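Comments concern the structure below.
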Amino acid sequence: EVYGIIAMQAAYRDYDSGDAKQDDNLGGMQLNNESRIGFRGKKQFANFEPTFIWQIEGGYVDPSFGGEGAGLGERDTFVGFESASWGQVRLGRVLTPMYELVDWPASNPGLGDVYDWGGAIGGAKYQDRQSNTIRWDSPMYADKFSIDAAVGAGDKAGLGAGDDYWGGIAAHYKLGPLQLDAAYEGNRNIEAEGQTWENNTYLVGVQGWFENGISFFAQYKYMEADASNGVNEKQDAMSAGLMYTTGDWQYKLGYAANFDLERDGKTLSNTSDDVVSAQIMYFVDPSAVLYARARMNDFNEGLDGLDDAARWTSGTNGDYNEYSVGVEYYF
Amino acid sequence: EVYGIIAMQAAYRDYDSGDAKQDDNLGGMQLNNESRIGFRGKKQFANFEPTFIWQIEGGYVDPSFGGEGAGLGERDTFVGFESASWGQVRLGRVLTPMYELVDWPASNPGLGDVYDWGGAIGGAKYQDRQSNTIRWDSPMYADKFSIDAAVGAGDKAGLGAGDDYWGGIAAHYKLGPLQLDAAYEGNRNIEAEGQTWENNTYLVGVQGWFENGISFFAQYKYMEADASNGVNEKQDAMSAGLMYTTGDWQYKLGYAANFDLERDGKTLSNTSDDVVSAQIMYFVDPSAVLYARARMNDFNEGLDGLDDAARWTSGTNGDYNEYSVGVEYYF
Amino acid sequence: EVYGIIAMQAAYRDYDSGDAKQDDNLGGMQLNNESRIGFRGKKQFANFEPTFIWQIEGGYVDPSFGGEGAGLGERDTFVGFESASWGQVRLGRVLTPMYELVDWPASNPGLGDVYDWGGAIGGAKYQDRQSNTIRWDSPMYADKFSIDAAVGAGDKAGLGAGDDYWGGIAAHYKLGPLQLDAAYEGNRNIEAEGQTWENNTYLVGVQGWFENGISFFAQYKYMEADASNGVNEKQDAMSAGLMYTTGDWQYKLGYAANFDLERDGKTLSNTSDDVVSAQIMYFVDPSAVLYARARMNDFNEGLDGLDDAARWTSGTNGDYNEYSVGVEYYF
Ligand SMILES: CN(C)c1ccc(O)c2c1C[C@H]1C[C@H]3[C@H](N(C)C)C(O)=C(C(N)=O)C(=O)[C@@]3(O)C(O)=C1C2=O
Ligand code: NA
Ligand code: NA
Ligand code: NA
Ligand code: NA
Ligand code: NA
Ligand code: NA
Ligand code: NA
Ligand code: NA
């Protein structure tokens, strides 16, 4: 079976970097086509109660700031097995258990630049998608409690350039209208800035959906990282979102911020990031949505990594504002 | 819906460059797989009168002179809307309105090296299908008249490397068997040769299809460009094609030519290009065609760009001939 | 038509190279997703007795040691015709007639590092999958005898950088439970190491499958190579595999070896490669298998090419073992 996600977002961006040549480059209007075609299926093996499942999901066809074309298997592409009793284990390229919650709901109205990859910490906080991964998903115990857990190979280790590895776990309990989320992910042997890093990261979160139309999510992310030369670094962040949903409309407010980074006890001045964003959404069909959105990004003023050389952060390109309309269709 | 165009052309090329190694390198027999798979569909959003449309079309899987594999969304990939009333707007990656007339009536059979990208002029004449584009296509007004119009971001601006942009318009009037086609396209902020260019291009053409089987097309293309240091360049070109169709056959003769280029009024000697080409075609099935064709390309002798360094044109590889057979199947 | 081949292998590799960082990078566990999706079809042209056939096959979605994503048309992508009379001609990118016998049955389980792309011979022993190729596949005459024959442009010539080319032929006669296999493939205008080479390669082999559950294959590969400065090189190799089948199980044991390389009559010390492997395979569904395997590679100790600079072989990364389970599913 084929399954598309059609996704077009028209987005004009107003950059303020302090260089007007750079400002005109990064700023201006673009089309962020995140449409993707994928294939997936199951087959009942004649000699195996676990149901064989597989999926190949292609990439974004024409993202903004990027070229055209995407191969197959750039997004969640995997084989795995599933039994009703013990859930489903997948091998391949998946989302780590912590990353799922940083994406949804914690990056929801365009906050990702800050809560997703917007970091000041060294090493490697957590992982987007890693293509050398085993991941077990628990069933819904009592249809209320669920465990997600995974281990995998690192970014460099998946190309025979290193021995990066990582593991992570998260759990979700659905208390009536509530849902509580916690998550951990640790990376080892992260080669960066001329040192080898170990990153430990923990996430706490909550979610509610109430008949009056209010929905919300709030999350605390605690990011520690220890370098092999004995340096310590610590940063933490939050993301929350308030939304009212009436009829075929949803109004949404999101705020995310990393706070100042502490290195070796000493705090680094003005290294925090903050994003505010607002979003209207129309439920134009059971299968698709139209939406408008605007956001405000204030980024850090810089950070040197443990190699006398500057470290890259989501803010290394400068502050910017952004207004956008988009459509997204599911089939 | 899945929709292929299966397309193979076996094409031997006899190059005359003035270096027999390059002639042996560039020449010889090759296989030009231009097949492509795409996915496309429409959807009537339950809460919206315009019908939603989308398409993701992959690239040439193994072109000649190139490697294998092409992602999805390398060709016409877009989302958009249509109502009978006001026509059809699509956003994403499309063909500019002038390029449609450069490609369809005017670049086949093999005239492309000359009429398509083969210009000798500086700056950036027009666009061969650019992403970051919105394009509105009108209805057939009075069942005689149709207008195509679109604007979009430049090549560099689509990666945050500049601020080039462009707009273009074309119209089509149908007098009996004839059709008159006119089109304009202008590009701005084109960063090239160390200067910034503004290129305006104007196209007039006609096409006819007659009950006796005689058909033809003829087109005049006018190309302007203004560099930021005050330099001006002007070059013009033509492409015409004649075809007789009897039974299951179409015979075709094609001629296209870029003419001599003027810089600051002074014309630069030997910068013209012209191609001659013949093509026999058999309609092996309603869904496919077989064709044999031979063409002969004579190219320009060189010109420096406005940075003392030679500029690249379709003739920078030297003159060449080419004989070819091919198949084309549509599903 | 769409057709998957879903294929995942979890494979731990233990390298011994003589530098333990290289051992740590290259070694370790990885996920080798060799899943691939393709499209193929046939069409009876209304004015043409040969049946039109076509296929577009994507690449490996996430191989081990490599990144994600593969375009469409990285594997067998072709157009062609088939008649009951004369068999089947295909144009495009296919497997050469010799490489088919080097892959099946002679390279699995895990013998490819030595028998497939493994080698010490200069120039280019053979071609594995080649674009710009026409290949005629004969029928099974008398339901026992068939010819495979193909010629095409070289690797470098398909990008307009040279004129290397090649042809090849193989035959298979089926004497009862055995099948006798012979094959040749010759390459010309192969530029390497500052010389131009002509590569000749010959393969003879046998295959048997018995109701007793015993099945086997053995193959001898003869590779000669002659350089433009008058050097001669010769290397030869062998691969065999013995397997027993009980119920839904297949036991398999494999061995392959390239022998020491001869250059200009004088043999070059410690240039042989040998790999041995054992594998259990379960037939979990008519269309799928589970399998475990372990293998041992001892590779050569180095060889300077005809330019005083080392030549690359499958052993330029060092000896290693590998233990792995995997899955394999069809369409
Ligand atoms: C000056 N210019 C930008 C350069 C510089 C270096 C290059 O190596 C090349 C170009 C032009 C481009 C034009 C492009 C064009 N492009 C896809 C829009 C193009 O349409 C073709 C084509 N065969 O259709 C090219 O030859 C082309 O791929 C090409 O071979 C180029 C090329 O090789
Ligand atoms: Na990653
Ligand atoms: Na789960
Ligand atoms: Na090619
Ligand atoms: Na362009
Ligand atoms: Na139109
Ligand atoms: Na821009
Ligand atoms: Na090859
Ligand atoms: Na055959």
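As shown in the structure tokens, the chain order sets the letters A, B, ...; within each chain, residues go from 1, and ligands are also counted from 1 in the order they appear.
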Residues at most 7 Å from region 29-43 of chain C, counting only C-alpha atoms, excluding those fewer than 2 positions away in the same chain, as an mmCIF file with C-alpha atoms, in the first residue's frame?
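Written output follows (around-v4.cif):
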```
data_model
loop_
_atom_site.group_PDB
_atom_site.id
_atom_site.type_symbol
_atom_site.label_atom_id
_atom_site.label_comp_id
_atom_site.auth_asym_id
_atom_site.auth_seq_id
_atom_site.Cartn_x
_atom_site.Cartn_y
_atom_site.Cartn_z
ATOM 1 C CA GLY A 92 15.936 0.030 11.133
ATOM 2 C CA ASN A 132 20.794 1.487 13.005
ATOM 3 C CA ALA A 153 24.122 2.827 16.697
ATOM 4 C CA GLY A 158 26.675 3.815 11.235
ATOM 5 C CA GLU C 1 3.007 -2.978 -10.913
ATOM 6 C CA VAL C 2 4.856 -2.415 -7.640
ATOM 7 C CA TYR C 3 7.135 -5.087 -6.182
ATOM 8 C CA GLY C 4 9.030 -4.879 -2.891
ATOM 9 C CA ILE C 5 11.977 -6.906 -1.726
ATOM 10 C CA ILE C 6 12.156 -6.190 1.997
ATOM 11 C CA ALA C 7 15.462 -7.338 3.478
ATOM 12 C CA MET C 8 17.004 -6.487 6.847
ATOM 13 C CA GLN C 9 20.210 -7.942 8.286
ATOM 14 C CA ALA C 10 21.543 -7.233 11.776
ATOM 15 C CA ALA C 11 25.260 -7.916 11.491
ATOM 16 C CA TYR C 12 28.018 -7.534 14.063
ATOM 17 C CA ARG C 13 31.491 -7.291 12.498
ATOM 18 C CA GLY C 27 33.636 -3.074 13.595
ATOM 19 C CA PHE C 45 1.643 -2.598 -28.472
ATOM 20 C CA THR C 51 5.633 -7.651 -26.002
ATOM 21 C CA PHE C 52 6.943 -4.451 -24.425
ATOM 22 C CA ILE C 53 8.477 -4.818 -20.961
ATOM 23 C CA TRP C 54 9.859 -2.217 -18.561
ATOM 24 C CA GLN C 55 11.140 -1.997 -14.998
ATOM 25 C CA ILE C 56 12.305 0.706 -12.541
ATOM 26 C CA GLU C 57 13.928 -0.690 -9.391
ATOM 27 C CA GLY C 58 15.064 1.447 -6.487
ATOM 28 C CA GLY C 59 18.252 0.960 -4.503
ATOM 29 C CA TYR C 60 19.014 -0.210 -0.967
ATOM 30 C CA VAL C 61 17.121 2.068 1.428
ATOM 31 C CA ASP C 62 19.729 1.972 4.248
ATOM 32 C CA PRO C 63 22.653 -0.364 3.593
ATOM 33 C CA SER C 64 25.142 -0.928 6.343
#
```
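Pocket residues of ligand 2, taken as those with any atom at most 10 Å away using only C-alpha atoms and all ligand atoms, are residues 95, 96, 124, 126, 127, 128, 129, 130, 131, 153, 154, 155 and 156 of chain A.
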Which is closer to chain A than all the others in B:104, B:331, B:78, B:222, using only C-alpha atoms? B:78
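Taking only C-alpha atoms and all ligand atoms into account, ligand 9 has within 9 Å the residues residues 87, 88, 97, 136, 137, 138, 139, 140, 146, 147, 148, 149, 170, 171 and 172 of chain C.
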With only C-alpha atoms considered, list every residue of chain C at most 6 Å from chain A, as a ChimeraX atom specification. /C:25-26,30-31,61,65-66,68-71,284-285
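Between CA of residue 329 (chain C) and CA of residue 81 (chain C) lies a distance of 28.2 Å.
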Using DSSP assignments from the backbone, pull out every residue in region 71-262 of chain C that falls under helix (DSSP H, G or I) and give it to me as a PyMOL selection string. chain C and resi 97-103+112-115+157-159
Save the residues we just selected, C-alpha atoms, as a PDB file, in the first residue's frame?
```
ATOM      1  CA  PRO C  97      25.897 -12.123 -18.033  1.00  0.00           C
ATOM      2  CA  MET C  98      28.915 -13.058 -15.947  1.00  0.00           C
ATOM      3  CA  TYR C  99      28.010 -11.141 -12.801  1.00  0.00           C
ATOM      4  CA  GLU C 100      24.771 -13.125 -12.513  1.00  0.00           C
ATOM      5  CA  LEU C 101      26.808 -16.300 -12.012  1.00  0.00           C
ATOM      6  CA  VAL C 102      29.215 -14.528  -9.653  1.00  0.00           C
ATOM      7  CA  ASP C 103      26.227 -13.421  -7.553  1.00  0.00           C
ATOM      8  CA  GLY C 112      30.992 -11.602  -2.032  1.00  0.00           C
ATOM      9  CA  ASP C 113      33.851  -9.786  -0.273  1.00  0.00           C
ATOM     10  CA  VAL C 114      36.130 -12.323  -1.892  1.00  0.00           C
ATOM     11  CA  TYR C 115      34.372 -13.701  -4.959  1.00  0.00           C
ATOM     12  CA  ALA C 157      32.159   6.266 -20.779  1.00  0.00           C
ATOM     13  CA  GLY C 158      28.600   6.595 -19.412  1.00  0.00           C
ATOM     14  CA  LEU C 159      29.492  10.013 -17.987  1.00  0.00           C
TER      15      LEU C 159
END
```
With only C-alpha atoms as the counted atoms, please give the residues lying no more than 10 Å from residue 119 (chain B), apart from itself and same-chain residues fewer than 3 positions off, as a ChimeraX atom specification. /B:113-116,122,124-125,223,235-237,257-259,261,271-273,300,312-315
Just N, CA, C and O atoms for this one: save the residues we selected as a short mmCIF file (atom, residue, chain, number, x, y, z; two decimals), in the first residue's frame.
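again-v3.cif, written as the output of this step:
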```cif
data_model
loop_
_atom_site.label_atom_id
_atom_site.label_comp_id
_atom_site.auth_asym_id
_atom_site.auth_seq_id
_atom_site.Cartn_x
_atom_site.Cartn_y
_atom_site.Cartn_z
N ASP B 113 19.36 21.68 -27.13
CA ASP B 113 20.73 22.17 -26.95
C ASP B 113 20.88 23.59 -27.43
O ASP B 113 21.77 24.30 -26.95
N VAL B 114 20.02 24.03 -28.33
CA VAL B 114 20.09 25.37 -28.90
C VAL B 114 18.95 26.25 -28.40
O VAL B 114 19.19 27.33 -27.86
N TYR B 115 17.71 25.77 -28.49
CA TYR B 115 16.61 26.63 -28.10
C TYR B 115 16.30 26.59 -26.61
O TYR B 115 15.79 27.58 -26.08
N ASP B 116 16.63 25.49 -25.93
CA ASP B 116 16.28 25.35 -24.52
C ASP B 116 17.28 26.05 -23.61
O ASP B 116 17.01 27.15 -23.13
N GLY B 122 24.60 36.51 -21.11
CA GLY B 122 24.91 36.51 -19.70
C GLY B 122 23.66 36.61 -18.84
O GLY B 122 22.52 36.63 -19.32
N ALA B 124 20.76 35.48 -16.63
CA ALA B 124 19.93 34.28 -16.54
C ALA B 124 18.68 34.55 -17.36
O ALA B 124 17.83 35.33 -16.95
N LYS B 125 18.63 33.95 -18.55
CA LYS B 125 17.56 34.22 -19.49
C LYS B 125 16.19 33.95 -18.87
O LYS B 125 15.39 34.88 -18.69
N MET B 223 15.88 38.05 -26.28
CA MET B 223 16.56 37.91 -24.99
C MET B 223 17.37 39.15 -24.65
O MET B 223 18.32 39.49 -25.35
N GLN B 235 20.53 39.18 -27.30
CA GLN B 235 20.66 38.13 -28.29
C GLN B 235 19.27 37.59 -28.57
O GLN B 235 18.41 37.59 -27.70
N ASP B 236 19.07 37.12 -29.79
CA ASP B 236 17.75 36.63 -30.18
C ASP B 236 17.90 35.33 -30.96
O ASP B 236 18.99 34.92 -31.37
N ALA B 237 16.77 34.66 -31.12
CA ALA B 237 16.79 33.29 -31.56
C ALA B 237 15.44 32.93 -32.13
O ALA B 237 14.47 33.67 -31.98
N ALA B 257 17.83 28.23 -33.77
CA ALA B 257 19.10 28.92 -33.84
C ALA B 257 19.11 30.07 -32.85
O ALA B 257 18.20 30.89 -32.87
N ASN B 258 20.14 30.12 -32.01
CA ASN B 258 20.52 31.35 -31.33
C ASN B 258 21.35 32.19 -32.28
O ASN B 258 22.16 31.67 -33.05
N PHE B 259 21.17 33.50 -32.23
CA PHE B 259 21.87 34.35 -33.17
C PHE B 259 23.03 35.03 -32.49
O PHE B 259 23.34 34.77 -31.33
N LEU B 261 25.41 37.50 -30.54
CA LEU B 261 25.22 38.32 -29.35
C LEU B 261 25.90 39.68 -29.47
O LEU B 261 27.03 39.79 -29.94
N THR B 271 29.15 33.84 -32.22
CA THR B 271 28.53 33.40 -30.97
C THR B 271 27.14 32.81 -31.21
O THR B 271 26.39 32.59 -30.24
N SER B 272 26.79 32.53 -32.46
CA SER B 272 25.50 31.97 -32.82
C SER B 272 25.55 30.45 -32.71
O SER B 272 26.62 29.85 -32.69
N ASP B 273 24.38 29.85 -32.59
CA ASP B 273 24.23 28.40 -32.58
C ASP B 273 23.07 28.04 -33.49
O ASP B 273 22.14 28.83 -33.63
N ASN B 300 28.63 27.72 -31.00
CA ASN B 300 29.39 28.97 -31.00
C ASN B 300 30.88 28.72 -30.74
O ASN B 300 31.30 27.63 -30.34
N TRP B 312 30.19 29.71 -19.88
CA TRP B 312 29.75 28.38 -20.31
C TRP B 312 28.49 28.50 -21.13
O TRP B 312 27.55 29.19 -20.74
N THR B 313 28.46 27.81 -22.27
CA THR B 313 27.27 27.71 -23.11
C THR B 313 27.10 26.25 -23.54
O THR B 313 28.00 25.42 -23.37
N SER B 314 25.93 25.94 -24.09
CA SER B 314 25.66 24.59 -24.58
C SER B 314 26.71 24.10 -25.57
O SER B 314 26.83 22.88 -25.78
N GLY B 315 27.45 25.00 -26.18
CA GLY B 315 28.51 24.68 -27.11
C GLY B 315 29.91 24.61 -26.52
O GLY B 315 30.87 24.51 -27.30
#
```
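Residues lying within 12 Å of residue 230 (chain A), counting only C-alpha atoms and ignoring same-chain neighbours fewer than 5 positions away, are residues 195, 196, 197, 198, 225, 263, 264 and 306 of chain A.
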Produce a file of the selected residues containing N, CA, C and O atoms, as a PDB file, in the first residue's frame.
```
ATOM      1  N   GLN A 195      37.022  16.176  21.569  1.00  0.00           N
ATOM      2  CA  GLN A 195      36.887  15.386  22.777  1.00  0.00           C
ATOM      3  C   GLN A 195      35.845  14.298  22.532  1.00  0.00           C
ATOM      4  O   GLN A 195      35.200  14.255  21.484  1.00  0.00           O
ATOM      5  N   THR A 196      35.687  13.400  23.502  1.00  0.00           N
ATOM      6  CA  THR A 196      34.675  12.353  23.456  1.00  0.00           C
ATOM      7  C   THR A 196      33.654  12.637  24.542  1.00  0.00           C
ATOM      8  O   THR A 196      34.026  12.865  25.698  1.00  0.00           O
ATOM      9  N   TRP A 197      32.376  12.626  24.182  1.00  0.00           N
ATOM     10  CA  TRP A 197      31.338  13.101  25.083  1.00  0.00           C
ATOM     11  C   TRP A 197      30.399  11.975  25.503  1.00  0.00           C
ATOM     12  O   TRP A 197      30.252  10.963  24.816  1.00  0.00           O
ATOM     13  N   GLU A 198      29.774  12.163  26.666  1.00  0.00           N
ATOM     14  CA  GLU A 198      28.671  11.330  27.125  1.00  0.00           C
ATOM     15  C   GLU A 198      27.524  12.259  27.489  1.00  0.00           C
ATOM     16  O   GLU A 198      27.710  13.166  28.303  1.00  0.00           O
ATOM     17  N   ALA A 225      25.740  16.942  29.959  1.00  0.00           N
ATOM     18  CA  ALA A 225      26.744  16.400  29.049  1.00  0.00           C
ATOM     19  C   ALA A 225      28.109  16.550  29.695  1.00  0.00           C
ATOM     20  O   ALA A 225      28.450  17.646  30.145  1.00  0.00           O
ATOM     21  N   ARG A 263      28.585  25.716  32.084  1.00  0.00           N
ATOM     22  CA  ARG A 263      29.728  24.880  31.769  1.00  0.00           C
ATOM     23  C   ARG A 263      30.685  24.897  32.951  1.00  0.00           C
ATOM     24  O   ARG A 263      31.194  25.961  33.320  1.00  0.00           O
ATOM     25  N   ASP A 264      30.911  23.726  33.558  1.00  0.00           N
ATOM     26  CA  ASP A 264      31.876  23.596  34.646  1.00  0.00           C
ATOM     27  C   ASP A 264      31.488  24.478  35.828  1.00  0.00           C
ATOM     28  O   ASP A 264      32.342  25.082  36.481  1.00  0.00           O
ATOM     29  N   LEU A 306      34.479  23.205  23.268  1.00  0.00           N
ATOM     30  CA  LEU A 306      35.686  22.881  24.013  1.00  0.00           C
ATOM     31  C   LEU A 306      36.906  22.728  23.116  1.00  0.00           C
ATOM     32  O   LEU A 306      37.778  21.908  23.407  1.00  0.00           O
TER      33      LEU A 306
END
```
From CA of residue 319 (chain A) to CA of residue 216 (chain A) the spacing works out at 26.8 Å
